[PDB]
Every structure is written in structure tokens, then in C-alpha cells.
Amino acid sequence: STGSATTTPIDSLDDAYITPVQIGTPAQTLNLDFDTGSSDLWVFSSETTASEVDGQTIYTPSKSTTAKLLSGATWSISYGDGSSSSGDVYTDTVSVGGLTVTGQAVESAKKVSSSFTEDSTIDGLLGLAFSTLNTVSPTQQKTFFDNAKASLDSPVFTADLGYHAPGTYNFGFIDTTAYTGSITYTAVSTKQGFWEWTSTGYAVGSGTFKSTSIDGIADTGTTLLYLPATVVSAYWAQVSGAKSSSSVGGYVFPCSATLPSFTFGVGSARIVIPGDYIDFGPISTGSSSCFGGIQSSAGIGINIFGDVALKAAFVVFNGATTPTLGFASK
Ligand SMILES: NCc1cccc(N)c1
Numbered sequence: 001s002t003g004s005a006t007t008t009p010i011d012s013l014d015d016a017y018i019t020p021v022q023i024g025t026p027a028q029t030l031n032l033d034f035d036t037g038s039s040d041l042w043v044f045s046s047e048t049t050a051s052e053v054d055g056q057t058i059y060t061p062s063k064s065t066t067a068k069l070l071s072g073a074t075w076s077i078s079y080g081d082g083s084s085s086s087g088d089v090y091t092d093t094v095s096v097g098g099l100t101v102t103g104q105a106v107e108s109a110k111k112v113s114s115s116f117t118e119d120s121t122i123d124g125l126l127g128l129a130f131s132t133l134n135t136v137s138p139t140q141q142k143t144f145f146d147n148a149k150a151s152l153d154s155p156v157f158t159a160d161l162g163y164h165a166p167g168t169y170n171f172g173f174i175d176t177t178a179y180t181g182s183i184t185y186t187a188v189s190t191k192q193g194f195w196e197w198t199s200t201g202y203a204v205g206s207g208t209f210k211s212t213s214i215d216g217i218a219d220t221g222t223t224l225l226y227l228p229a230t231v232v233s234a235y236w237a238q239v240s241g242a243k244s245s246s247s248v249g250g251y252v253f254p255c256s257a258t259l260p261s262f263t264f265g266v267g268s269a270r271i272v273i274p275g276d277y278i279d280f281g282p283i284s285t286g287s288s289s290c291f292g293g294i295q296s297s298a299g300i301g302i303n304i305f306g307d308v309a310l311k312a313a314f315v316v317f318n319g320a321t322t323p324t325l326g327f328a329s330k
């Protein structure tokens, strides 16, 4: 089998992407944030504290003839931005772009933190990291990809995120019309539960490529590109007036600037992020200070190839017995 679904930016900055997902019988369609940096499929629901729902579409398990309470199971998750959610668990039928999994763990939120409430466009998350990170207790649950894998034509999914435009998540096949050139594959460590790999270096604008190993994760659920302070300083030094602001929480730059591109290495290959992808707009409405899309990972403990980087590529998440990542230009 295969599946194919369009993923759409939630706003004009590409702050996140939502993909429609059918849950239950009859189908209830929720718009979920596919997140290769976490491993829980959780949704706003009829069980979510009413004051914490503000415009999201909810899953109502009592209206699904295929929903079954997973007795005793609870979940609780915290993300790198300080947000969190928790609740109980149902199993139900879940379909993405025509690909159906029966018996998928659907984690129903009883509580969500303020950032989730305040974002009416995201009805939940669909985790696509390794199932070892799934938070369900006392019986850990499998991701949608792990459950679908055996049925797929090939044990892969691909992320093709758009810049200020819709893109595609495919399951079970590689669309050879969706990228240019060849796909370069690189090794993955699953030791921390992430799609963790080592970039071979970087360049800023038209500058020379610096060969240096940068271990990080491919994370569709993180907006920006978080890299070591040395690398990030070298980038922003090429932008007149750019500076790191403690009060704002990262590098800012004059909105009148034209940003240089940023290149990262995948083996001997190179992915070029155009400068415009690095512009996240005014720090507050009407400001002439703009927020940068490349930020330091120093306070995080890990480097993160988030959407800023991934949207410049066609990305293969290869879930073969030994997982690997593939990157192509597009
Ligand atoms: N990085 C996971 C994620 C995705 C969407 C929203 C939040 N708060 C967190």
C-alpha cells in the first residue's frame, strides 16, 4: 500500500504545516502537525478541558464505531518549546492520504498547554520519530508509520515541505518526479529515538564550504534551523545590523536586509537554503526588526534541522531494518 497527503503551512511564515488525517468510523478529519521529532499521535478531543479548546476541531471517540478505550493507558508529553499535553488513549482506525491503519493508538488530550489552545489551526500532532519515544504508559504504543510499515510497498515516508506553499507527505514510495538530481543517503542513529544524522559542513552565501561534522536531527515539527553557536555567528556576521537579542530570544536582523543563503552538507552533496527562507518577519507587528530562521542550539543540547532546512530538500525517512535519511534538491 501507499498513501499521499498534501501538507499546508498554517500561516504566511510557514510556522508549521498541517496535514488532514481521518480518524474513526465514520471518519472525523483533523488537521495534524506531522512531527518527525516526536512519537505520539495526540488530538484535541471531546475530553479536552473546555476552556483549553479555542477553535480546534475535536475527535469524539463516542461517535466512532471503531474506537475502543485502551484501558488504563495514559500519556503525557513535553516539547522543546515548553508546551505540553496529556490524557488517555483510544485505539481507532486512522487514514492518511488513502493509507489506513487499524488499531492505531489515538491519544486523546484531557489537558493542553496555552500555546496549543492559542493555535486554532493545529488539531493535534502525528509523531513520526521512533516508537521508543512514545509516552504512553504502562504499555508504550507504536507510531502510525511503525504500524503501517509492513503493509507499505517500501518501508519509507517522504517529506516535501513547501516554501510559502503546500507540499506533500508520501508513505510507501519515493516520487521520482518530486526532486532534481539524485538522493544522497546518510546514516542515522536511533539511540536517542530521533532521525539523528551528521551533516558534513556548511557554507554561508557564496562563501567557501567548511568541512565539519554537525550531529543533529531531522525534525519536521520544529520551525527553525538550530545549529552550534560558531556556525550561527558566522552566518549572521554576513548580515549588516544583525545581532543576538536576549530580550527577543535569538538573532534578529533589519527587515530591510537581503539575507544570504545557507548551505549544509549531506555526504558529498549540498542542500542550499535560499536567504528568503531564513526570514521570519517582524518580531512584533509593525516592527522593523525581523526574526532570524537560523538560531543557536547552545541552550538545547542538540542541533535541529527543522523546517527551514527540510523545506529546501526532498527528504526520505527510510525505515528499513537499518534506518537512513535521504536528501535531494528540488
Ligand atoms: N515540536 C513539536 C510541536 C509542534 C507544534 C506545536 C508545538 N507547541 C510543539
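With the entry's author numbering as the guide, the letters of the sequence shown map in order to residues 1 to 330.
For every residue, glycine included, the Cβ atom is placed at its ideal position computed from N, Cα and C.
Exercise. Per DSSP, what kind of secondary structure is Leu310 in: helix, strand or coil?
Worked result: Working through the sequence shown from its first residue, we reach residue 310 at position 310. It is helical.
Exercise. Relative to the alpha-carbon of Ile273, which residue among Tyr235, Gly286 and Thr322 has its alpha-carbon at the smallest distance?
Worked result: Residue mapping note: residue 273 aligns to position 273 of the sequence shown, counting from 1. Considering only alpha carbons, the answer is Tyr235.
For this session: Assuming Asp123 and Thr222 form a contact by the criterion Cβ under 8 Å, report the distance between their Cβ atoms to the nearest whole angstrom.
Result: Along the sequence shown, one-based indexing puts residue 123 at 123. Along the sequence shown, one-based indexing puts residue 222 at 222. In fact, because the Cβ distance is near 19 Å, the residues do not count as touching under 8 Å.
For this session: Flag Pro26 as yes when its Cβ comes closer than 8 Å to any non-hydrogen atom of ligand 3, and as no otherwise.
Result: Among the ligands modelled here, namely ligand 1, ligand 3 does not occur.
For this session: Assess, as a yes-or-no matter, whether the stretch 289 to 305 is touched by the stretch 141 to 155 under the definition of 3 or more beta carbon pairs within less than 8 Å.
Result: Result no; under three Cβ-Cβ pairs closer than 8 Å.
For this session: Report yes if the C-beta of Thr222 is less than 8 Å from at least one heavy atom of ligand 1; otherwise report no.
Result: As a working mapping, residue 222 is identified with position 222 in the sequence shown. The answer is yes for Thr222.
For this session: Tell me whether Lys191 sits in a helix, a strand or coil according to DSSP, three-state version.
Result: Walking along the sequence shown from the start, residue 191 turns up at place 191. The answer is coil: DSSP assigns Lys191 none of H, G, I, E or B.
Problem set entry | Nearest to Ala73 (by Cα), restricted to the options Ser329, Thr135 and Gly201 | The residue given as residue 73 occupies position 73 in the sequence shown. Considering only alpha carbons, the answer is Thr135.
For this session: Go through the stretch 267 to 320 residue by residue and report every complete run of the beta strand (DSSP E) that reaches 3 residues or more, in order.
Result: DSSP runs (the beta strand (DSSP E)) wholly in the stretch 267 to 320: 269 to 273, 279 to 282, 289 to 292, 294 to 296, 303 to 305 and 314 to 318.
Exercise. CB-CB under 6 Å to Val248, same chain, minus the five flanking residues each way: which ones, in chain order?
Worked result: Position 248 of the sequence shown, counted from the first residue, corresponds to residue 248. Once the five neighbours on either side are set aside, the close Cβ partners of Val248 are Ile283.
Exercise. Going by DSSP, what residues sit across from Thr263 in a beta bridge?
Worked result: In the sequence shown, counting from the first residue as 1, residue 263 sits at position 263. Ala203 and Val272, per the DSSP bridge assignment.
Problem set entry | Identified DSSP bridge partners for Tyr185 | Residue mapping note: residue 185 aligns to position 185 of the sequence shown, counting from 1. DSSP output for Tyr185 lists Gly326 as bridge partner(s).
Exercise. When you compare each of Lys243, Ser120, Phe145 and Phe262 to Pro254 by their alpha carbons, which one comes out closest?
Worked result: For this step, residue 254 is matched to residue 254 along the sequence shown. Nearest neighbour of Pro254 by Cα position, chosen from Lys243, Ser120, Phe145 and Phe262, turns out to be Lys243.
For this session: Mind checking who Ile214 pairs with in its DSSP beta bridge?
Result: Your numbering for residue 214 matches position 214 in the sequence shown. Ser199.
For this session: Would you tell me roughly how many angstroms separate the C-alpha atoms of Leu133 and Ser256, rounded to the nearest one?
Result: Within the sequence shown, the letter at position 133 stands for residue 133. Within the sequence shown, the letter at position 256 stands for residue 256. Using only the alpha carbons, I get a separation of about 42 Å.
Exercise. Would you call the CB atoms of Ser108 and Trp42 closer than 9 Å?
Worked result: Translated into positions along the sequence shown, residue 108 becomes position 108. Translated into positions along the sequence shown, residue 42 becomes position 42. Yes. Within cutoff.
Problem set entry | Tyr90 - containing beta strand (DSSP E), residue span | Reading the sequence shown from its first residue, position 90 is the one you call residue 90. First-last of the beta strand (DSSP E) with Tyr90: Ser84 to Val96.
Exercise. Excluding sequence positions up to five away, which residues of its chain have a Cβ less than 7 Å from the Cβ of residue 376?
Worked result: The shown model of the chain, from 1 to 330, leaves out residue 376, and the question about it has no answer.
Exercise. How should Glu196 be labelled, buried or exposed, when 16 other C-beta atoms within 10 angstroms of its C-beta is the threshold for buried?
Worked result: Here residue 196 is taken as the residue at index 196 of the sequence shown, counted from 1. Classification of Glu196: buried, given that the 10 Å Cβ count is 16 or more.
Exercise. Is any heavy atom in ligand 1 found nearer than 8 Å to the beta carbon of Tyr169?
Worked result: Taking the sequence shown and counting its residues from 1, the one referred to as residue 169 is at position 169. No, the beta carbon of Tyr169 sits no closer than 8 Å to any heavy atom of ligand 1.
Exercise. Can you list, in chain order, the residues of its chain whose CB lies under 7 Å from that of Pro20, leaving out five sequence neighbours each side?
Worked result: Within the sequence shown, the letter at position 20 stands for residue 20. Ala5, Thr29 and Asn31, listed in sequence order.
Exercise. Over what stretch of residues does the alpha helix (DSSP H) that includes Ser78 continue unbroken?
Worked result: Within the sequence shown, numbered from 1, the residue matching residue 78 stands at position 78. Here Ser78 belongs to no alpha helix (DSSP H); instead the beta strand (DSSP E) covers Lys68 to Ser78.
Problem set entry | Neighbourhood of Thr49 by C-beta distance below 7 Å, restricted to the same chain and skipping five residues each side | The residue labelled residue 49 in the question sits at position 49 within the sequence shown. The answer, listed in chain order, is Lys110 and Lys111.
For this session: Count the C-beta pairs between the stretch 263 to 271 and the stretch 169 to 186 that are closer than 8 Å, then say yes if the count reaches three, no if not.
Result: yes
Problem set entry | Anticipated Cβ contact below 8 Å, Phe314 with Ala178, distance rounded | Position 314 of the sequence shown, counted from the start, is the residue given in the question as residue 314. Position 178 of the sequence shown, counted from the start, is the residue given in the question as residue 178. The pair is a contact, with the Cβ atoms about 5 Å apart (cut-off 8 Å).
Exercise. Do you know whose CA, among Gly24, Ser86, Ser84 and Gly87, lies nearest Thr60's CA?
Worked result: Against the sequence shown, residue 60 aligns to sequence position 60. Nearest of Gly24, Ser86, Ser84 and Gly87 to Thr60, Cα basis: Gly24.
For this session: Check whether the Cβ of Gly172 lies closer than 8 Å to any heavy atom of ligand 1, and answer yes or no.
Result: Stepping through the sequence shown from its first residue, residue 172 is reached at position 172. No.
Exercise. Thinking just about the alpha-carbon of each residue, which of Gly216, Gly98, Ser51 and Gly172 is nearest to the one in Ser199?
Worked result: One-based indexing of the sequence shown puts residue 199 at position 199. From the listed residues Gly216, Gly98, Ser51 and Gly172, the smallest Cα separation to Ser199 is found for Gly216.
Problem set entry | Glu47 versus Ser39, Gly37, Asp40 and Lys63, residue with shortest Cα-Cα distance | As a position in the sequence shown, residue 47 is number 47, starting the count at 1. Cα-wise, what sits closest to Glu47 is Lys63.
Problem set entry | Distance between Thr220 and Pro9 (C-alpha atoms, nearest Å) | For the purposes of this step, residue 9 is taken as the residue at position 9 of the sequence shown. For the purposes of this step, residue 220 is taken as the residue at position 220 of the sequence shown. Rounded to the nearest angstrom, the two C-alpha atoms are 12 Å apart.
Problem set entry | Option in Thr190, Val188, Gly281 and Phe145 with minimal Cα separation from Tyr169 | Taking the first residue of the sequence shown as 1, we reach residue 169 at position 169. Nearest option by C-alpha distance: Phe145.
For this session: Assign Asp175 to buried or exposed, taking buried as 16 or more other Cβ atoms, counted over all protein chains shown, within 10 Å of its Cβ.
Result: Taking the first residue of the sequence shown as position 1, residue 175 is located at position 175. So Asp175 counts as exposed.
For this session: Whole angstroms is fine: what's the gap from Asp88's alpha carbon to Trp75's?
Result: Counting from one through the sequence shown, the residue named residue 88 turns up at place 88. Counting from one through the sequence shown, the residue named residue 75 turns up at place 75. Cα-Cα distance, rounded: 6 Å.
Exercise. Hey, is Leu125 close to ligand 1, as in C-beta under 8 Å from one of its heavy atoms?
Worked result: Walking along the sequence shown from the start, residue 125 turns up at place 125. Yes, since a heavy atom of ligand 1 falls inside the 8 Å radius drawn around the Cβ of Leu125.
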